[PDB]
Amino acid sequence: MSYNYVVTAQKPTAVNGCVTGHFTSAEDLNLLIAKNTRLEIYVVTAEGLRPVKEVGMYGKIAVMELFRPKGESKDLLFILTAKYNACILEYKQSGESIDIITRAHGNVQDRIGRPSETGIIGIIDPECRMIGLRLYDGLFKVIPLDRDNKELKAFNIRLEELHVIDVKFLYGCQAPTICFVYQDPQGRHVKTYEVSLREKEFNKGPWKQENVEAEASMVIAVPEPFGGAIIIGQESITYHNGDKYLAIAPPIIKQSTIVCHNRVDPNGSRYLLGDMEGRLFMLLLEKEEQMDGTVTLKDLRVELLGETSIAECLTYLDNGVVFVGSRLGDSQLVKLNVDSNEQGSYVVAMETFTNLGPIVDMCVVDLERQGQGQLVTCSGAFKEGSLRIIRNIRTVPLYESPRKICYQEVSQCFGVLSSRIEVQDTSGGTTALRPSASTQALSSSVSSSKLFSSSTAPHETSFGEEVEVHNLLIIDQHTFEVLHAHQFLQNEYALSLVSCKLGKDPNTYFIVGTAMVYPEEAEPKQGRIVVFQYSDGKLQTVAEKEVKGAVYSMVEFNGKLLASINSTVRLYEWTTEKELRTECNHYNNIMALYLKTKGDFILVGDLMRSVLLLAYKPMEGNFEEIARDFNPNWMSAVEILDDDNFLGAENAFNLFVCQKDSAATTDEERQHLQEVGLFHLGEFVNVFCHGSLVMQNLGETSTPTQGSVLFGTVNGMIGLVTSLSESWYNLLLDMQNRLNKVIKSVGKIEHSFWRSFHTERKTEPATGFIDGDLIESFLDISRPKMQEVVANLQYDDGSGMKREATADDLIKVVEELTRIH
Amino acid sequence: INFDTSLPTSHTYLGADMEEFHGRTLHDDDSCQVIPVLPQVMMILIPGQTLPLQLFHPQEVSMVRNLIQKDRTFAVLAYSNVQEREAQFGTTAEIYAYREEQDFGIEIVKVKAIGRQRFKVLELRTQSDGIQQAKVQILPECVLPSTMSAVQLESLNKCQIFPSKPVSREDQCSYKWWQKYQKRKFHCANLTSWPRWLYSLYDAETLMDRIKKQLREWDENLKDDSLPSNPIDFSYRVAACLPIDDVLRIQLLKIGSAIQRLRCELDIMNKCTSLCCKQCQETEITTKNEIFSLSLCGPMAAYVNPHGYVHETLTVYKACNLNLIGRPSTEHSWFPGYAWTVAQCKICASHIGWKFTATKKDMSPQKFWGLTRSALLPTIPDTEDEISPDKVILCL
Amino acid sequence: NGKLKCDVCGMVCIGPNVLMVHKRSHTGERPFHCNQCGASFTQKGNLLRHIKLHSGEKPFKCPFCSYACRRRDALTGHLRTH
Ligand SMILES: Cc1ccc(NC(=O)CCc2cccc(NC3=CC(=O)N([C@H]4CCC(=O)NC4=O)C3=O)c2)cc1Cl
Ligand SMILES: [Zn+2]
Ligand SMILES: [Zn+2]
Ligand SMILES: [Zn+2]
Ligand SMILES: [Zn+2]
């Protein structure tokens with residue numbers, strides 16, 4: 001038995017969707033934003049954005065599109081989830097009560113069917129004839145938009161083109177027509193089909209197969225005035241319409257791939273394009289009246305507007321205001337000006353919505369209060385990379401990618417691993433793209449070692465190729481200025497980082513694990529463990545130990561250094577000569593990627609969820625394997641809850657908990673960790689960390705929860721996991737089952753189905769976990785429904801009774817729960 | 001290098017053309033089945049591997065008739081202890097060819113089957129007839145999505161597809177294209193807490209091409225056609241022709257993920273460089289540098305002798321510490337055009353295999369060695385520097 | 001149960017047809033063949049020794065302590081130590 005509780009401390013901040021329309025009322029303009037499981041609804045005003053409504057769904061929002069059927073006042077919202085929950089929602093408001101009622105819903109998953117390589121693709125007919133879904137290769141699912149179709153009954157159509165890249169619904173066609181780019185052994189081609197709902201099949205398209213460029217990746221349907229479609233690849237942008245086929249290869253777009261678009265003018269005269277590196281261009285379609293009124297396309301033009309955040313999605317609001325939704329960095333509201341500025345940019349930032357972005361590492365530090373903790377995270381990537389100090393948000397921009405972070409109280413500063421991309425120069429060296437933290441440092445230094453300077457492989461890098469330089473930044477804990485930046489060797493990749501005191505030495509060092517990464521060398525055969533000391537504003541190399549592999553992880557192990565070099569878990573001692581001395585080795589069947597420790601227990605793991613539990617035998621002086629559990633599945637992070645329980649995150653955004661059976665009968669069962677917890681979290685965990693963001697409370701007053709483990713995810717969501725008792729767990733489980741009956745789910749998605757452990761192979765129900773969000777939602781509902789929940793419910797307020805539970809006893813319990821984060 | 005790699009797979013030594021079937025039988029995953037086992041079969045069958053058999057015993061002939069009339073599937077037990085007939089896993093075999101002949105007044109049956117599904121043995125139950133059944137649980141093939149499939153950004157989904165393969169030996173052997181492949185496929189590695197080269201070690205296609213680079217060292221047939229593209233089929237086809245002992249093969253059969261199977265096969269191909277005598281454990285017979293493919297299946301394939309014994313023969317160029325017994329003969333030669341001579345270990349006299357010598361001067365190779373897998377033992381090479389003996393433990 | 005036994009090589013067969021057909025593989029020089037590898041021998045005892053070398057394969061075993069030696073004279077020298 002597990003008994004665990006998980007709650008959201010910070011909602012997902014990364015924006016993955018954004019669409020404009022008339023969702024609330026046909027008059028005012030609305031902007032809908034999709035942050036994974038959250039949906040935000042704003043009204044577009046002349047000043048900025050007016051928050052109207054925020055809702056949460058029981059599923060990851062994959063598709064989100066607005067559409068107004070024939071004979072409807074305002075627009076409806078179609079949403080598909082990762083678990084293939086489709087639904088049509090409508091905005092309804094009565095006086096001052098806002099509710100997103102579910103007009104239709106249903107699951108559109110197909111038992112058997114290979115998911116496509118380009119992921120789920122959802123489109124809707126311009127005249128709302130149907131909803132076309134591309135979920136599995138070789139099949140095209142169709143949901144007919146009829147007033148009778150309430151369950152969303154859909155049918156598949158045989159698709160001869162297996163490898164479909166992008167697909168859209170065309171404008172101005174007699175019958176609903178789809179246009180899509182696909183790839184076969186002869187290259188990529190754009191093709192059209194006519195979807196017949198009567199025949200329930202495909203028919204010849206207006207203009208069938210046409211050859212496109214090799215990297216053709218994006219398809220855009222042009223509205224009625226123009227018609228046809230626009231195919232965007234890596235080097236060229238083409239427009240196709242029946243007989244005419246115009247193409248331009250502007251050099252201004254060659255340096256990066258365009259990955260997102262959005263329509264400016266409703267007639268299709270202008271479009272916004274965003275590339276991977278944040279660049280924002282304007283694609284213009286010139287008109288040609290042709291006198292009688294046929295309006296044909298004359299020419300195509302691309303004009304670089306400027307630079308924004310790395311845009312996942314774009315949407316033009318109005319009056320030159322553009323919303324940039326970002327996954328790697330903060331979201332933006334930017335203004336487009338006509339005359340540009342002195343630098344030449346036509347874009348001007350307006351608002352910066354904080355996005356914790358991909359939290360790759362984090363730590364908890366007391367800092368100021370000397371009582372409650374604060375959370376420092378490495379967020380963002382590339383020029384969006386930064387540090388975030390969350391209090392119970394302070395941003396420190398780095399303009400390069402942060403990887404690992406650790407705090408050193410002795411020196412009152414943090415040590416952070418980071419990497420910056422540079423490009424091979426004609427002279428032979430490398431040149432930076434932009435001034436980042438590693439370059440704009442007060443003190444600087446480079447690793448001048450002799451281990452690999454003489455032991456190096458012969459090779460050369462061509463001009464233009466990108467190479468990342470790794471650095472260790474020493475950053476003040478108060479001002480957060482880059483005090484020092486130490487650059488590592490060429491072709492050296494820094495993986496692990498710790499700050500601790502080793503052996504009798506009273507000094508606190510920064511220990512970094514590295515690995516020599518060469519292109520021709522698949523698995524690393526060289527690496528270093530470098531022990532630095534920061535003092536007097538400078539970082540000096542105290543010790544250097546070479547290793548025959550990659551130092552994936554390191555942990556402080558009872559005054560000794562526990563490192564992982566490929567398959568080996570090694571244990572070093574800090575000699576009086578200030579050098580690392582090998583004391584123990586343990587060779588495993590897996591790659592020691594994840595390394596955690598608790599006292600004398602060591603938890604080892606690899607990328608395929610191969611959990612291993614070892615123990616250091618002090619009297620013998622060697623390692624001993626206690627147990628293991630090998631179930632193939634992609635694992636992202638792991639952590640040790642207590643002496644017997646171990647928490648981890650595996651594929652499909654799932655959390656699991658294994659347990660060590662101690663004092664059993666058979667050695668066989670003793671050496672096996674039983675899977676005692678499964679729970680679909682919906683987030684991709686990248687780092688677990690013991691700690692809490694609330695006041696630890698001096699006077700111990702019987703805490704209901706034991707333990708505290710925060711975790712950071714890719715969508716910026718921060719979560720907290722804790723342990724419960726069997727009584728509390730059973731009570732909260734019954735209470736969840738009771739809440740599900742009275743609570744109203746957006747899209748009418750079953751909570752049981754949402755939180756159930758799910759992978760493409762097996763999908764089991766959730767166990768050993770308490771959804772803290774569902775439990776804490778009890779305080780935000782009406783009192784009659786609270787009474788419904790506690791109806792015929794027995795509660796224990798302390799030893800005796802065992803009495804009829806009131807809504808307010810449970811309110812007290814839930815308010816106590818809400819004080820853990 | 002002009003034999004004809006299509007000759008060994010035909011098993012022309014078995015006689016006239018056999019009656020062939022086109023139907024296929026597959027049981028549901030995790031389902032329970034009761035399948036008959038052939039008494040004298042001692043091989044460890046791998047899915048996709050061809051198994052030829054000559055049955056003389058009346059019990060075996062009757063059982064094979066009954067099978068030909070039913071689903072044509074029998075169970076090949078992977079024996080951990082062959083003496084006491086212990087088995088925890090196994091593979092199903094589907095008869096796809098048979099010939100029922102009454103020769104010189106005795107009735108015999110020749111069969112060509114192929115491995116289908118792995119299974120866990122739940123019960124071994126020998127009827128009063130002397131023929132036994134197996135209560136069995138079909139083991140499912142674990143197919144995992146791309147390690148990047150979860151973290152891949154929606155904007156970058158359209159960019160994951162690559163524009164065809166170079167399939168030019170020099171262009172693909174040049175690591176520039178693989179630098180490009182790693183940069184493109186594992187870009188979203190920046191979102192996670194690990195780099196790209198890590199995920200490359202768990203990538204089906206990367207591992208499959210690393211294995212292709214080793215298989216080209218054994219055969220000059222291009223991957224364009226001969227090798228499969230599916231990771232399951234590729235992993236099984238590689239496992240079928242790896243000269244390892246029965247315990248390693250059992251451990252490899254226990255793997256359910258194609259990723260782990262490909263990784264273990266790469267690790268075996270890189271570590272075990274020597275092949276010694278299993279009885280000696282120390283007498284070296286050959287090395288992986290001499291392994292070469294004389295058949296389309298690869299360097300190693302199963303063949304049946306005139307008396308029904310099955311030998312997984314591995315074809316190598318050179319071999320040492322072997323004494324030849326008798327004189328060459330072409331009778332029932334598994335390689336038409338070559339004559340075989342019994343080969344024993346110089347130390348222990350274990351039948352290690354045979355020495356095949358061409359019958360025509362124009363044939364190439366003029367001589368090679370066919371070693372039976374049951375008599376070989378994979379071995380790591382003693383380090384050139386004795387002071388450096390790093391651990392070479394089995395890795396997967 | 002195998003009631004038909006060959007006089008020359010002593011193999012057990014099920015029916016008289018099997019034995020009759022088996023008896024023609026003998027007709028010739030070195031008639032004793034091994035089914036495992038095909039080694040021919042001029043006498044039955046040599047073939048039995050060979051087929052024994054196929055199994056446990058222990059060459060010259062000691063009857064008093066169970067230690068095996070590579071050569072006959074080595075085994076004699078060892079036997080003189082008990
Ligand atoms: C039912 C029945 C069937 C056959 C016979 N009698 C014969 O077959 C002739 C005498 C004889 C005796 C023993 C063995 C053999 N055969 C061999 C053993 C062996 O391993 N190979 C390899 C050599 C390498 C290769 O490439 N192919 C091979 O088959 C043989 O040839 C022949 C008698 C009866 Cl009752
Ligand atoms: Zn030997
Ligand atoms: Zn005989
Ligand atoms: Zn023999
Ligand atoms: Zn003795």
# chains A, B, ... in the order shown; residues from 1 in each chain; ligands from 1
$ residues_around --residues "residue 141 (chain B)" --least-positions-apart "3" --cutoff "12 Å" --atoms "only C-alpha atoms" --output "number ranges by chain"
A: 632, 761; B: 28-30, 47, 116-119, 138, 144, 231-233, 235-236, 253-261
$ residues_around --residues "residue 314 (chain B)" --least-positions-apart "5" --cutoff "8 Å" --atoms "only C-alpha atoms" --output "PyMOL selection string"
chain B and resi 243+291+299-301+369-373
$ interface_residues --of "chain A" --to "chain B" --cutoff "7 Å" --atoms "only C-alpha atoms" --output "list in words"
residues 118, 119, 165, 214, 217, 259, 260, 312, 358, 360, 519, 520, 589, 590, 632, 634, 652, 686 and 714 of chain A
$ closest_atom_pairs --of "chain B" --to "ligand 4" --cutoff "9 Å" --atoms "only C-alpha atoms and all ligand atoms" --output "CSV"
residue,atom,partner,partner_atom_place_in_ligand_line,distance
B:342,CA,ligand 4,1 (Zn),8.3
B:350,CA,ligand 4,1 (Zn),8.4
B:351,CA,ligand 4,1 (Zn),6.4
$ residues_around --residues "region 14-23 of chain C" --least-positions-apart "4" --cutoff "7 Å" --atoms "only C-alpha atoms" --output "PyMOL selection string"
(chain B and resi 105-106) or (chain C and resi 2-4+6)
$ write_last_selection --atoms "C-alpha atoms" --output "compact mmCIF listing (two decimals), in the first residue's frame"
# COMPACT_ATOMS: atom_id res chain seq x y z
CA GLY B 105 8.88 -49.29 -46.27
CA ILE B 106 9.23 -46.81 -43.39
CA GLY C 2 12.29 -50.73 -28.21
CA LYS C 3 12.43 -54.45 -28.91
CA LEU C 4 14.53 -54.46 -32.11
CA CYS C 6 21.00 -53.90 -34.11
$ interface_residues --of "chain B" --to "chain C" --cutoff "10 Å" --atoms "only C-alpha atoms" --output "mmCIF file with N, CA, C and O atoms, in the first residue's frame"
data_model
loop_
_atom_site.group_PDB
_atom_site.id
_atom_site.type_symbol
_atom_site.label_atom_id
_atom_site.label_comp_id
_atom_site.auth_asym_id
_atom_site.auth_seq_id
_atom_site.Cartn_x
_atom_site.Cartn_y
_atom_site.Cartn_z
ATOM 1 N N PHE B 56 10.959 -39.323 -37.688
ATOM 2 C CA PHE B 56 10.852 -40.744 -37.974
ATOM 3 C C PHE B 56 9.972 -41.487 -36.985
ATOM 4 O O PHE B 56 9.286 -42.432 -37.378
ATOM 5 N N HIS B 57 9.976 -41.075 -35.721
ATOM 6 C CA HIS B 57 9.207 -41.761 -34.691
ATOM 7 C C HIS B 57 7.718 -41.724 -35.033
ATOM 8 O O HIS B 57 7.202 -40.667 -35.422
ATOM 9 N N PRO B 58 6.996 -42.843 -34.904
ATOM 10 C CA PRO B 58 5.558 -42.826 -35.237
ATOM 11 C C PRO B 58 4.753 -41.836 -34.411
ATOM 12 O O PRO B 58 3.788 -41.246 -34.915
ATOM 13 N N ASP B 103 9.285 -44.218 -47.495
ATOM 14 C CA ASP B 103 10.488 -44.599 -48.225
ATOM 15 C C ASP B 103 11.018 -45.929 -47.704
ATOM 16 O O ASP B 103 11.152 -46.120 -46.490
ATOM 17 N N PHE B 104 11.308 -46.846 -48.629
ATOM 18 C CA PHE B 104 11.870 -48.157 -48.299
ATOM 19 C C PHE B 104 11.054 -48.867 -47.224
ATOM 20 O O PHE B 104 11.587 -49.643 -46.427
ATOM 21 N N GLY B 105 9.751 -48.605 -47.195
ATOM 22 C CA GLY B 105 8.878 -49.292 -46.271
ATOM 23 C C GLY B 105 8.786 -48.690 -44.890
ATOM 24 O O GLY B 105 8.185 -49.309 -44.005
ATOM 25 N N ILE B 106 9.357 -47.509 -44.667
ATOM 26 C CA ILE B 106 9.230 -46.811 -43.394
ATOM 27 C C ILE B 106 8.666 -45.421 -43.655
ATOM 28 O O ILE B 106 9.019 -44.770 -44.646
ATOM 29 N N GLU B 107 7.786 -44.975 -42.761
ATOM 30 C CA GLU B 107 7.042 -43.731 -42.918
ATOM 31 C C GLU B 107 7.746 -42.604 -42.176
ATOM 32 O O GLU B 107 8.034 -42.730 -40.981
ATOM 33 N N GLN B 279 33.194 -26.860 -24.019
ATOM 34 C CA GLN B 279 33.701 -27.821 -23.044
ATOM 35 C C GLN B 279 35.006 -27.340 -22.421
ATOM 36 O O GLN B 279 35.226 -27.511 -21.216
ATOM 37 N N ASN B 305 20.220 -32.703 -39.953
ATOM 38 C CA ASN B 305 21.040 -33.774 -40.493
ATOM 39 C C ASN B 305 20.176 -34.972 -40.842
ATOM 40 O O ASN B 305 18.986 -35.021 -40.539
ATOM 41 N N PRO B 306 20.759 -35.979 -41.484
ATOM 42 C CA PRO B 306 19.946 -37.097 -41.980
ATOM 43 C C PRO B 306 19.163 -37.800 -40.884
ATOM 44 O O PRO B 306 18.148 -38.446 -41.160
ATOM 45 N N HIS B 307 19.607 -37.682 -39.636
ATOM 46 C CA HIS B 307 18.969 -38.414 -38.550
ATOM 47 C C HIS B 307 18.062 -37.545 -37.689
ATOM 48 O O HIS B 307 17.625 -37.992 -36.624
ATOM 49 N N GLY B 308 17.756 -36.326 -38.124
ATOM 50 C CA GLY B 308 16.827 -35.479 -37.403
ATOM 51 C C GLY B 308 17.447 -34.521 -36.410
ATOM 52 O O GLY B 308 16.717 -33.720 -35.811
ATOM 53 N N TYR B 309 18.760 -34.574 -36.212
ATOM 54 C CA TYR B 309 19.427 -33.652 -35.309
ATOM 55 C C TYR B 309 19.567 -32.286 -35.963
ATOM 56 O O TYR B 309 19.886 -32.180 -37.152
ATOM 57 N N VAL B 310 19.330 -31.239 -35.182
ATOM 58 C CA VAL B 310 19.352 -29.871 -35.679
ATOM 59 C C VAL B 310 20.589 -29.170 -35.139
ATOM 60 O O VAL B 310 20.824 -29.152 -33.925
ATOM 61 N N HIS B 311 21.378 -28.598 -36.044
ATOM 62 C CA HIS B 311 22.573 -27.843 -35.699
ATOM 63 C C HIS B 311 22.436 -26.425 -36.220
ATOM 64 O O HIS B 311 22.169 -26.218 -37.410
ATOM 65 N N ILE B 325 38.550 -35.201 -38.771
ATOM 66 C CA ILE B 325 38.364 -36.643 -38.657
ATOM 67 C C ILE B 325 37.830 -37.166 -39.981
ATOM 68 O O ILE B 325 36.838 -36.648 -40.507
ATOM 69 N N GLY B 326 38.486 -38.193 -40.517
ATOM 70 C CA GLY B 326 38.027 -38.800 -41.753
ATOM 71 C C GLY B 326 38.395 -37.975 -42.978
ATOM 72 O O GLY B 326 39.340 -37.188 -42.971
ATOM 73 N N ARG B 327 37.621 -38.172 -44.051
ATOM 74 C CA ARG B 327 37.830 -37.466 -45.302
ATOM 75 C C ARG B 327 36.559 -36.743 -45.722
ATOM 76 O O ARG B 327 35.455 -37.163 -45.363
ATOM 77 N N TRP B 340 32.003 -31.708 -46.591
ATOM 78 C CA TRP B 340 32.186 -31.499 -45.164
ATOM 79 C C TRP B 340 33.124 -32.540 -44.567
ATOM 80 O O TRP B 340 33.208 -33.677 -45.037
ATOM 81 N N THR B 341 33.825 -32.134 -43.511
ATOM 82 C CA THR B 341 34.693 -33.025 -42.755
ATOM 83 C C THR B 341 34.508 -32.734 -41.274
ATOM 84 O O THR B 341 34.534 -31.572 -40.860
ATOM 85 N N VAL B 342 34.312 -33.790 -40.483
ATOM 86 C CA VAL B 342 34.050 -33.609 -39.062
ATOM 87 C C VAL B 342 35.236 -32.930 -38.399
ATOM 88 O O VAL B 342 36.396 -33.286 -38.637
ATOM 89 N N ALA B 343 34.949 -31.956 -37.544
ATOM 90 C CA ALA B 343 35.981 -31.184 -36.868
ATOM 91 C C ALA B 343 35.804 -31.301 -35.361
ATOM 92 O O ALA B 343 34.724 -31.014 -34.833
ATOM 93 N N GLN B 344 36.867 -31.711 -34.674
ATOM 94 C CA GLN B 344 36.892 -31.831 -33.225
ATOM 95 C C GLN B 344 37.852 -30.813 -32.624
ATOM 96 O O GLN B 344 38.733 -30.283 -33.300
ATOM 97 N N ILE B 347 41.952 -30.121 -28.145
ATOM 98 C CA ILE B 347 42.197 -30.420 -26.739
ATOM 99 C C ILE B 347 41.210 -31.448 -26.201
ATOM 100 O O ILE B 347 41.609 -32.450 -25.608
ATOM 101 N N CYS B 348 39.911 -31.220 -26.399
ATOM 102 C CA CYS B 348 38.887 -32.054 -25.789
ATOM 103 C C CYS B 348 38.195 -32.999 -26.762
ATOM 104 O O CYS B 348 37.507 -33.921 -26.311
ATOM 105 N N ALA B 349 38.345 -32.799 -28.070
ATOM 106 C CA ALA B 349 37.719 -33.639 -29.083
ATOM 107 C C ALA B 349 36.211 -33.426 -29.173
ATOM 108 O O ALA B 349 35.490 -34.298 -29.667
ATOM 109 N N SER B 350 35.718 -32.291 -28.682
ATOM 110 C CA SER B 350 34.327 -31.924 -28.895
ATOM 111 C C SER B 350 34.053 -31.740 -30.378
ATOM 112 O O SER B 350 34.814 -31.081 -31.088
ATOM 113 N N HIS B 351 32.950 -32.310 -30.852
ATOM 114 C CA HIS B 351 32.544 -31.948 -32.200
ATOM 115 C C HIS B 351 32.259 -30.459 -32.228
ATOM 116 O O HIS B 351 31.229 -30.021 -31.712
ATOM 117 N N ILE B 352 33.168 -29.665 -32.794
ATOM 118 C CA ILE B 352 32.910 -28.241 -32.918
ATOM 119 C C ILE B 352 32.136 -27.928 -34.194
ATOM 120 O O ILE B 352 31.410 -26.929 -34.250
ATOM 121 N N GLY B 353 32.252 -28.773 -35.211
ATOM 122 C CA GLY B 353 31.504 -28.585 -36.435
ATOM 123 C C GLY B 353 32.098 -29.348 -37.598
ATOM 124 O O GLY B 353 32.404 -30.538 -37.487
ATOM 125 N N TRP B 354 32.267 -28.669 -38.725
ATOM 126 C CA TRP B 354 32.813 -29.305 -39.910
ATOM 127 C C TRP B 354 33.630 -28.286 -40.683
ATOM 128 O O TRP B 354 33.468 -27.075 -40.516
#
$ residues_near_ligand --ligand "ligand 3" --cutoff "9 Å" --atoms "only C-alpha atoms and all ligand atoms" --output "ChimeraX atom specification"
/C:5-12,19,22-26,31-33
$ write_last_selection --atoms "N, CA and C atoms" --output "short mmCIF file (atom, residue, chain, number, x, y, z; two decimals), in the first residue's frame"
data_model
loop_
_atom_site.label_atom_id
_atom_site.label_comp_id
_atom_site.auth_asym_id
_atom_site.auth_seq_id
_atom_site.Cartn_x
_atom_site.Cartn_y
_atom_site.Cartn_z
N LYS C 5 16.92 -54.53 -31.74
CA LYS C 5 18.26 -54.00 -31.50
C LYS C 5 19.20 -54.48 -32.59
N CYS C 6 20.07 -53.57 -33.05
CA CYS C 6 21.00 -53.90 -34.11
C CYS C 6 22.18 -54.70 -33.57
N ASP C 7 22.59 -55.71 -34.34
CA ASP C 7 23.74 -56.51 -33.93
C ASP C 7 25.04 -55.73 -34.07
N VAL C 8 25.17 -54.94 -35.14
CA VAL C 8 26.44 -54.30 -35.45
C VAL C 8 26.70 -53.12 -34.52
N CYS C 9 25.77 -52.16 -34.49
CA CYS C 9 25.94 -50.95 -33.70
C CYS C 9 25.09 -50.92 -32.43
N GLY C 10 24.12 -51.81 -32.29
CA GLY C 10 23.39 -51.88 -31.04
C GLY C 10 22.34 -50.80 -30.85
N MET C 11 21.97 -50.08 -31.90
CA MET C 11 20.94 -49.06 -31.77
C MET C 11 19.57 -49.71 -31.60
N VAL C 12 18.68 -49.00 -30.91
CA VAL C 12 17.33 -49.49 -30.65
C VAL C 12 16.38 -48.87 -31.66
N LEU C 19 14.91 -51.16 -38.60
CA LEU C 19 16.15 -51.92 -38.41
C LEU C 19 16.70 -52.39 -39.75
N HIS C 22 18.20 -49.53 -41.48
CA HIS C 22 19.40 -49.13 -40.77
C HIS C 22 20.58 -50.01 -41.14
N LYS C 23 20.32 -51.31 -41.31
CA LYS C 23 21.40 -52.23 -41.59
C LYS C 23 22.13 -51.96 -42.91
N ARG C 24 21.55 -51.23 -43.89
CA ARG C 24 22.31 -50.94 -45.11
C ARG C 24 23.29 -49.79 -44.98
N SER C 25 23.06 -48.83 -44.08
CA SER C 25 24.07 -47.81 -43.87
C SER C 25 25.39 -48.42 -43.40
N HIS C 26 25.34 -49.62 -42.82
CA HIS C 26 26.56 -50.31 -42.39
C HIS C 26 27.38 -50.79 -43.58
N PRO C 31 31.87 -48.97 -41.08
CA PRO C 31 30.40 -48.91 -41.10
C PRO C 31 29.79 -48.19 -39.91
N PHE C 32 30.52 -48.02 -38.82
CA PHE C 32 29.96 -47.44 -37.61
C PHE C 32 30.01 -45.92 -37.70
N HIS C 33 28.85 -45.29 -37.81
CA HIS C 33 28.74 -43.85 -37.93
C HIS C 33 28.12 -43.25 -36.68
#
$ residues_near_ligand --ligand "ligand 5" --cutoff "12 Å" --atoms "only C-alpha atoms and all ligand atoms" --output "list in words"
residues 60, 61, 62, 63, 64, 65, 66, 67, 68, 69, 75, 76, 77, 78, 79, 80, 81 and 82 of chain C
$ select_by_dssp --residues "chain C" --states "helix (DSSP H, G or I)" --output "JSON, numbers by chain"
{"C": [16, 17, 18, 19, 20, 21, 22, 23, 24, 25, 26, 44, 45, 46, 47, 48, 49, 50, 51, 52, 53, 54, 72, 73, 74, 75, 76, 77, 78, 79]}
$ closest_residue --among "C:52, C:29, C:74, C:1" --to "ligand 1" --atoms "only C-alpha atoms and all ligand atoms"
C:29
$ residues_around --residues "region 749-758 of chain A" --least-positions-apart "4" --cutoff "7 Å" --atoms "only C-alpha atoms" --output "VMD selection string"
chain A and resid 58 to 59 652 654 678 to 681 740 745 762 to 766
$ write_last_selection --atoms "C-alpha atoms" --output "tab-separated table (two decimals), in the first residue's frame"
chain	number	residue	atom	x	y	z
A	58	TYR	CA	-9.74	16.85	-17.23
A	59	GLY	CA	-7.37	16.31	-20.14
A	652	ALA	CA	2.58	9.44	-20.94
A	654	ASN	CA	2.40	9.39	-15.42
A	678	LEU	CA	-0.08	4.86	-10.47
A	679	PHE	CA	-1.56	8.22	-11.41
A	680	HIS	CA	-1.91	10.16	-14.67
A	681	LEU	CA	-0.50	13.57	-13.71
A	740	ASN	CA	-17.12	13.40	-8.80
A	745	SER	CA	-16.58	18.58	-15.69
A	762	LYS	CA	-2.02	-0.58	-21.35
A	763	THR	CA	-4.40	1.78	-19.53
A	764	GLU	CA	-5.13	0.92	-15.89
A	765	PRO	CA	-7.01	2.83	-13.17
A	766	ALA	CA	-5.16	5.14	-10.82
$ select_by_dssp --residues "region 85-151 of chain A" --states "strand (DSSP E)" --output "number ranges by chain"
A: 85-94, 97-107, 121-124, 130-134, 139-144
$ residues_around --residues "residue 289 (chain B)" --least-positions-apart "3" --cutoff "9 Å" --atoms "only C-alpha atoms" --output "list in words"
residues 217, 218, 273, 274, 286, 292, 316 and 317 of chain B
